[PDB]
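Undergrad: Dumping the structure here so I can ask a few things about it.
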Amino acid sequence: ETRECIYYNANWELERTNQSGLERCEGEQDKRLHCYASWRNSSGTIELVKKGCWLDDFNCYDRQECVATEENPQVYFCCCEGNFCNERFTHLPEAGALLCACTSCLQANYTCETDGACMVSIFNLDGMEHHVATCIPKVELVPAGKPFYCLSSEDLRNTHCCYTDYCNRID
Amino acid sequence: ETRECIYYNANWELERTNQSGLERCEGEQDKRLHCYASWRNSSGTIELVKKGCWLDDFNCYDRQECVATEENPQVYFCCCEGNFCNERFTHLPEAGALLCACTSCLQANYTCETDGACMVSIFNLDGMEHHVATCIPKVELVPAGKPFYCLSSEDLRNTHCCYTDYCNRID
Amino acid sequence: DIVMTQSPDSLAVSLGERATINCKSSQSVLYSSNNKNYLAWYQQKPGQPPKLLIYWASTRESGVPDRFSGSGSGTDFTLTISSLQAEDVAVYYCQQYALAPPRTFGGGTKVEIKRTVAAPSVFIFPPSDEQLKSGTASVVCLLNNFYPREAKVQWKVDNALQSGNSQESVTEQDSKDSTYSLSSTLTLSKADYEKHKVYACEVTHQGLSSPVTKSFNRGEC
Amino acid sequence: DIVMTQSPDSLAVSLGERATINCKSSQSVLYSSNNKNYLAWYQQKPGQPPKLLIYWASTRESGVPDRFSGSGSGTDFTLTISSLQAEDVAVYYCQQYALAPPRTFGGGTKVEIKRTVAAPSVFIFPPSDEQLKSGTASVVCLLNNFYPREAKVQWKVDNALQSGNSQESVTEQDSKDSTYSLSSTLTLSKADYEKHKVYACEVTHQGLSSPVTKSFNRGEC
Amino acid sequence: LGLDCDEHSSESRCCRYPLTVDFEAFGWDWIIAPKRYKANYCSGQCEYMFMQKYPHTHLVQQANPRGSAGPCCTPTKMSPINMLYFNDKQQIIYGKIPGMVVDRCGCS
Amino acid sequence: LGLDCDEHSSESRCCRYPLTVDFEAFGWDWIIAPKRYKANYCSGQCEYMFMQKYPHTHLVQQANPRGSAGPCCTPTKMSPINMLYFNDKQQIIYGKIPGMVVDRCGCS
Amino acid sequence: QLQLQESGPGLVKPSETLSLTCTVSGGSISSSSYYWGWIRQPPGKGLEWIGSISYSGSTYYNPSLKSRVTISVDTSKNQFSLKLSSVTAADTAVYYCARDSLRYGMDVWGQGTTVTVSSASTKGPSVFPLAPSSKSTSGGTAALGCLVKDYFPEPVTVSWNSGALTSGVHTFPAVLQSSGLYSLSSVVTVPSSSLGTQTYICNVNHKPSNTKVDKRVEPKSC
Amino acid sequence: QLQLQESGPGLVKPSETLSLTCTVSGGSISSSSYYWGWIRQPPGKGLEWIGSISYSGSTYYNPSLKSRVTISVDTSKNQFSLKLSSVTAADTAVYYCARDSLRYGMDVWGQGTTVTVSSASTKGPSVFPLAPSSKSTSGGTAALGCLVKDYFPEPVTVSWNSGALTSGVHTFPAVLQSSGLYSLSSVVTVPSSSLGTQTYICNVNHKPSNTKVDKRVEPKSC
Ligand SMILES: *[C@@H]1O[C@H](CO)[C@@H](O)[C@H](O)[C@H]1NC(C)=O
Ligand SMILES: *[C@@H]1O[C@H](CO)[C@@H](O)[C@H](O)[C@H]1NC(C)=O
């Protein structure tokens, strides 16, 4: 299928693109395309953020209107199906380089040299405790801003990424 | 790496190619290339079959000579490493479309329509016995001549492929 | 720029009968990507802004009854009102709004209703004493709720047929009973108003067995 | 076609001393694919076919001793025999056999050995009585196992220096002791053979304190 | 062409079961959209020349006589999803992330 | 870049163990070359962001709290091998067959 | 829900520039649409699309009247401005402020604003009562109304009893006289049984002169 | 192991075609090589590559003598043929049948075959004994030999006691006389203590005339 959405970019100068327009995003014959818009409410004075295409997503299924369902968040977001369905939108809540030490690199003084970053982490397992350090490239760091690999869960495992030389050592 | 071998093709008229020559076969930077030759002995009167390139294979490792190690087979084969090492060879044995029924296609009268072939087979398992029928395309049939999927082992499982309409039924 | 041409100009069909309008476009309105036609059908009643009836050629809008339907393709489209009603009397416009910039409208096709004859109720109003203090005389004659629209009004002062001194005004078809109203005004000079006695309005219409005449006399309570 | 030019023509070094030969090519022999040079070094002893010593510029062949080594690159190559031996006396050829069709050979560089002086052992043979029945006389003089190659032979019959009637033949350097042999033949007429008495061969060589003379008399058992 | 199963159908064959991921449940407020998306997961057994993406699977199964390492159910097709989030310096980022949703399950 | 193990090294991490296939042992005389070739096989466990070829693996592991279907060790790279054999009508065939030898092992 | 309000001058001198502002309600301009549109309807003719503009600034003037029109927006004032240079009497028309859509066509419209082009000064209306025919049949029907004479320019809006009496109301189109002034008559039918019972007031509003009159109509005795 | 045998005419008339066949042993021609080669060595000069040919038929004549040479193979007879048209005396040479290689260069060679170009008929050799110097020092050394006179063309192969006596053997190059005939002398040194003990036979073989002689050399008494 083929889908044309309204495209808008607020950070269009730094990113060097058109401020507003309409784009056509070719899709996959196996999945479906959507349109999306994002804006800040802030006391009735609406400021645009980003409009455009939005690949398949289970939440935008069967929605001809772009209505933010979130319960009063900072940045409002909505999506919809069909050509140009992001032309309008409203808010209606729902009622429902560097070098480090990698613990499996003893071949070279337990070291590395990735362009991305390096991590260290562990938890209580195999009885007592463990220890893990490693380094991963820039590509594997996804998303760009906040690589998940650098995130943890409060309840057990901790995690930390870092960029400086040899920062992934001991807790 | 790059490898140039002596290329020869006995069935060169039907296949419409050069009878003899030298070919260069670009390789993969992660693996290694070889040369190979194949001929029929038949009482000292040597008849060529096929010479050319031969992708990585654990048997041709570290062999500058092309020597058939088999113990008196019908068709002699040898390989070797290094450019043109199939220029010579000797024998020295070693001292050491259609439609059928697929059992998981009840959606359409338990049927199919592949361009390749159809198979039926089973063995004693889950206690007593089973039954399996299916159809697979022309691509998945490999090698071209003798698709393994159509082969079995005498000791338990049997196997049969077939081309005719609805031939993969009952044992 | 996708010229628009509706057809016909006027249309008169009886209550509960089928009405059909056709508009042609010079360029194809079909869109290849999503296989759609960017055409719109609008209704406009007197004094009201146009109201969108149909978009996407055949898709109806929320709150629009079923008697309205759109159809057609490419460069020929049709709009059918099954079982016309008196509230559906209006002008209708065919528009194209595809992505191409120039959005153009049709010529406007009015829909009219066919109805049983109705003789007008005729009244007359002498000039109010308030405007008879500023040198103005306004003698009014009102024909009300009649059909067909063809009607004649002859003014007569002292049995003198007036000519070129009167102005008529007519309303559009009623949305409750499909009739017409008509107001005629004789603008006379206060002096001439005092100079004469009997003022009369004579109406002639199909639904009248005989020309009707409503008159009064100058200054008789 | 990758012209071949060896250097030098002759080479004379003493036993156990180092010998080096150089051949130049007009076109580069290096091959880019496998980073190799298709050059060959061959040895040829007298009367034998050439024998391949080195292939791939610096790779030695099975059964070839270590004193032989090849080196060089591009358009300049060298072959060194460390500690020459008398069996290694021969001619040596530099060849190129890259994939390009025309395979060309060098000019041929002979290797010679330097040795202590050796005076020849001198013998003479009168003509056999078997050839003295067919009108032929063949008087032979043999110098054996001498060095250097420069040697002189004067024939004398009845104390008459012969000239232009003799033929000399010389062997190549010996592979056991590095010396030379020489055979001179005087082809005389049976009639003239009967006409004279004393036949003598006089040899002059560096290793001789005085010219040596071997003679016989016609018909003396 | 892989088979897409759901909680309803039962048996243990290499198949795509549904599984929804929810970032908000993890506590990741820096993700604006999607607060929750469709991930899915593969489950089942791999036996007797079934959805063999590569001949090596069948050949290493017949290679062995009920040895240890049989084939397993791995996803065989991935598709991307979009994301609207904050980055380190709290700049708004719209990105396309591949390798998030599985489309087929297969054997190897 | 996957890790290539051998019988020597031990532990259960997703890794490429060696495993040689032999057609002659099966009794397939119609194969002229190779009578036996190098196949290899993957074995091991997949835990804690190890050789995750796709983010979906880590996200579906943290998705769950020791649920059932953890990641498994599947081959992640295939390479072809040549074959000289007889076909049905007994004509000599030289072919290149992809998907026969595994080059890396990974997790999903 | 959304409401499109519009407003303009009403009267314009010949061969001068014209301007119209369109306020918005119940919906932020940056939201609830991508395009916005200005249309006009000549006196008794059809419709003609003047132009449209996205909330990012880009405009698409109709090629018919291009190079005389100027159209702009203001998201801080939730507004939307139209400008039309060198006007002629042909430009006299009712201008509509609508929202152009790329899925539903122009779906929502405004209430329209009448703009006249004439070199004549404004005037206020005079309101006179057309007393009910004192001879009424006390069981049948009685007609009454009020006349609005000598105003300029259009429009005057008439209502009865503050919109509380609308059944049987007929307000005619304004007639133009020799003096370039407008006259208009509004009339209503009622039961004669309430002539001395129900009071009847006509409410005339002529905004171009800020003239709001509420005139009561009463019979005359003998 | 492999052995390259060669054979030819030996003598060739001027301005006529020449031919040489090269049999093979201990290795099938289709096997044990891709190329095959013909080389020649003029009398006392260097080497010159005549040509090569793959067992599939394709030939590569040397550009120097191209358009006069013809070279072919025969895998059914394990053979390998060379042909050379319009011969001159420059073509007189020793032709070598070798195997050209694309890794080791020409590795194996044949025993060579001498080809002469002359408009003179063949002749057989005459073998004469050079009896040992009857004056020998009975403790020192005695020299003897045999002479091969008046043969044409080259070669004659000499051996002593059937290759059983080779230490101290010197066979000279053949000398060419006025009559266009060849002479050659073979000589050997021996202990004088065996003159009446060990027998000494010289074996001359001139194949172009099928002349094999085994001549014994003996002293002469007084
Ligand atoms: C913004 O917030 C107000 C109330 O806070 C709400 O009425 C409106 O619908 C929200 N969304 C908008 C204006 O797009
Ligand atoms: C063919 O067979 C013979 C004996 O049967 C053997 O000597 C030879 O080496 C074999 N291979 C060849 C000729 O290439």
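So basically every Cβ, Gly included, is an ideal-geometry build from the backbone, and we count neighbours across all protein chains shown. The numbers here are math on the coordinates, done by the rules we state, and not lab data.
Undergrad: Sort chain E into rounded, prolate or oblate with this rule: let a ≥ b ≥ c be the square roots of the eigenvalues of the Cα gyration tensor; rounded if a/c is under 1.5, and if a/c is not under 1.5, prolate when a/b is larger than b/c, oblate otherwise.
TA: prolate
Undergrad: For label points placed 7 Å from Cα toward Cβ, what is the shortest-first list of nm distances from residue F:25 to its copies?
TA: List, nearest first: 4.6 nm.
Undergrad: I've got another one for you. Rounded, prolate or oblate: pick one for the range A:88-151, where a ≥ b ≥ c are the square roots of the eigenvalues of its C-alpha gyration tensor, a/c under 1.5 means rounded, and failing that, prolate if a/b is larger than b/c, else oblate.
TA: Here the range A:88-151 falls in the oblate category.
Undergrad: Pick out, from G:80, G:47, G:67, the residue whose Cα sits farthest towards the positive end of the charge dipole of the range G:3-117, with +1 on the Cβ of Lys and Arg and -1 on the Cβ of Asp and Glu.
TA: Checked the options; the winner is G:67.
Undergrad: Right, something else. Compute the distance in nm between two label points, each set 7 Å from the Cα along the Cα-to-Cβ direction, one at residue B:169 and one at residue H:166.
TA: So the two model labels end up 8.3 nm from each other.
Undergrad: I'm checking a number: the convex hull volume of the Cα atoms of chain G, normalised per residue, in Å³. What is it?
TA: Per-residue hull volume (Cα only) is 158 Å³.
Undergrad: To one decimal in nm, how far is residue A:73 from the same spot in the other copies, if labels go 7 Å from Cα toward Cβ? Please give the shortest first.
TA: 6.5
Undergrad: Right, something else. Which residue of chain D is nearest the rotation axis onto chain C, counting by its Cβ, and what is the distance in whole Å?
TA: Closest Cβ on chain D to the axis mapping it onto C, in Å: D:33, 26.
Undergrad: A follow-up question, please. Under 16 Å Cα-Cα from residue A:51, which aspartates and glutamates qualify once same-chain neighbours fewer than 8 residues away are excluded?
TA: A:4, A:13, A:15, A:23, A:65, A:81, A:87
Undergrad: Hey, got the dipole for the range H:3-117? About the Cα centre, +1 on K and R Cβ, -1 on D and E Cβ, debye to the nearest 20?
TA: So the dipole magnitude of the range H:3-117 works out to roughly 120 debye.
Undergrad: Also: So what's the net charge close to residue H:203: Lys and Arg +1, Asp and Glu -1, counting the other residues with Cβ under 10 Å from its Cβ?
TA: +1
Undergrad: Return the equivalent ellipsoid semi-axes of the range H:126-217 as a descending list in whole Å, where each equals the square root of 5 times an eigenvalue of the C-alpha gyration tensor.
TA: Those come to 26, 14, 10 Å.
Undergrad: Need one number: nm distance between label points at residue F:48 and residue G:135, each 7 Å from Cα along Cα→Cβ, rounded to one decimal.
TA: 11.2 nm
Undergrad: Here is a further query. If each of residue C:167 and residue C:75 carries a label point 7 Å out from its Cα toward its Cβ, how far apart are those two points in nm?
TA: Placing both labels 7 Å along Cα→Cβ, they lie 4.7 nm apart.
Undergrad: Which value in Å does the Kirkwood hydrodynamic radius of the range E:46-108 take, with 1/r averaged over all unlike C-alpha pairs and then inverted?
TA: 14.5 Å
Undergrad: What are the nm distances, shortest first, from residue G:67 to its equivalents in the other copies, labels at 7 Å along Cα→Cβ?
TA: With the label placed 7 Å along Cα→Cβ, residue G:67 yields 8.0 nm.
Undergrad: Ranking request for peptides D:152-159, D:207-214, G:130-137, C:199-206: highest mean number of other beta-carbon atoms within 10 Å first, then the rest in descending order.
TA: Top to bottom by mean Cβ count within 10 Å: C:199-206, G:130-137, D:152-159, D:207-214.
Undergrad: With an 8 Å Cα cut-off and a minimum separation of 6 or more residues, compute the relative contact order for the range D:121-217 in percent.
TA: It comes to 33 percent, rounded to a whole number.
Undergrad: Which residues' amide hydrogens lie under 5 Å from the amide hydrogen of residue C:53, considering only partners 5 or more residues apart or on another chain, with H built in the peptide plane?
TA: Counting only residues 5 or more places away or on other chains, the set is C:41, C:42, C:43.
Undergrad: Rank by packing, highest mean first: peptides D:160-168, H:103-111, with packing defined as the count of other Cβ atoms within 10 Å averaged across residues.
TA: H:103-111, D:160-168
Undergrad: Measuring from the axis that superposes chain B on chain A, report the chain B residue with the minimal C-beta distance, rounded to whole Å.
TA: Spelled out, residue of B and its Cβ distance from the axis onto A: B:28, 15.
Undergrad: Sticking with this one: Across the range C:4-114, how many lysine pairs, 8 or more positions apart or on different chains, have C-alpha atoms separated by under 22 Å? Please give the number.
TA: 7
Undergrad: Further question: How high is the relative contact order of chain C? Use alpha-carbon pairs under 8 Å, at least six apart in sequence, and give a whole percent.
TA: 18 percent
Undergrad: Placing +1 on the Cβ of each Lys and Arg and -1 on the Cβ of each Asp and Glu in the range H:126-217, which of H:204, H:178, H:130 has its Cα farthest towards the positive end of the resulting dipole?
TA: Toward the positive end, the furthest listed residue is H:130.
Undergrad: Please compute, for peptide F:53-64, the average count of beta-carbon atoms on other protein chains lying within 10 Å of each residue's beta-carbon.
TA: 6
Undergrad: For an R0 of 25 angstrom, estimate the FRET efficiency from the Cβ-Cβ distance between residue B:71 and residue H:1 and round to the nearest 0.05.
TA: The formula returns an efficiency of 0.65 here.
Undergrad: I've got another one for you. Could you work out [θ]222 nm for chain D from helices alone, using -39500 (n - 2.57) per DSSP H run of at least four and dividing by all its residues? Round to the nearest 500 deg cm²/dmol.
TA: Value at 222 nm, helices only, nearest 500: -500 deg cm²/dmol.
Undergrad: Moving to a separate point now. Could you work out, residue by residue across F:13-22, how many beta carbons of other chains sit within 10 Å of that residue's beta carbon, and then give the average as an integer?
TA: 2
Undergrad: Give, rounded to the nearest 20 debye, the magnitude of the charge dipole that the protein assembly as shown has about its Cα centre when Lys and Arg contribute +1 at Cβ and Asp and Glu contribute -1 at Cβ.
TA: So the magnitude is around 3340 debye.
Undergrad: I would also like to ask the following. Provide the net charge surrounding residue D:195, with neighbours chosen by a C-beta distance below 12 Å and charges set as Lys +1, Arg +1, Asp -1, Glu -1.
TA: Around residue D:195, the surrounding residues sum to 0.
Undergrad: Shifting gears a bit: Within 10 Å of each residue's Cβ, count the other Cβ atoms and sort F:81, F:97 from fewest upward.
TA: Listed from fewest to most nearby Cβ atoms, that is F:97, F:81.
Undergrad: From the square roots a ≥ b ≥ c of the eigenvalues of the alpha-carbon gyration tensor of the range C:4-114, which class results: rounded (a/c under 1.5), prolate (a/b over b/c), or oblate?
TA: prolate
Undergrad: Plugging the Kirkwood radius over Cα pairs into Stokes-Einstein for the protein assembly as shown, at a temperature of 25 °C and a viscosity of 0.890 mPa s, what D comes out in µm²/s?
TA: Estimated via Stokes-Einstein, D reaches 54 µm²/s.
Undergrad: If r is the Cβ-Cβ distance from residue C:48 to residue E:24 and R0 is 56 Å, what FRET efficiency results, to the nearest 0.05?
TA: With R0 = 56 Å, the Cβ-Cβ based efficiency is 0.70.
Undergrad: Could I ask something else about it? How well do other chains shield peptide C:35-41, expressed as the mean number of their Cβ atoms within 10 Å of each residue Cβ?
TA: For peptide C:35-41, the averaged partner shielding equals 2.
Undergrad: Excluding residue A:24 itself, what net charge comes from residues whose Cβ is under 11 Å from its Cβ, given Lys and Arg +1 and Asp and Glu -1?
TA: Value of the local net charge: -2.
Undergrad: Quick check on packing: order B:120-126, H:20-26 by the mean number of other C-beta atoms within 10 Å, highest mean leading.
TA: Highest to lowest by the protection proxy: H:20-26, B:120-126.
Undergrad: Please compute the contact order of chain H in relative form: average sequence separation of alpha-carbon pairs under 8 Å and at least six residues apart, divided by the residue count, as a percent.
TA: The value is 18 percent.
Undergrad: Work out the FRET efficiency for residue F:90 and residue A:107 from their Cβ-Cβ distance, taking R0 = 41 Å, and round it to the nearest 0.05.
TA: So, using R0 = 41 Å, E works out to roughly 0.20.
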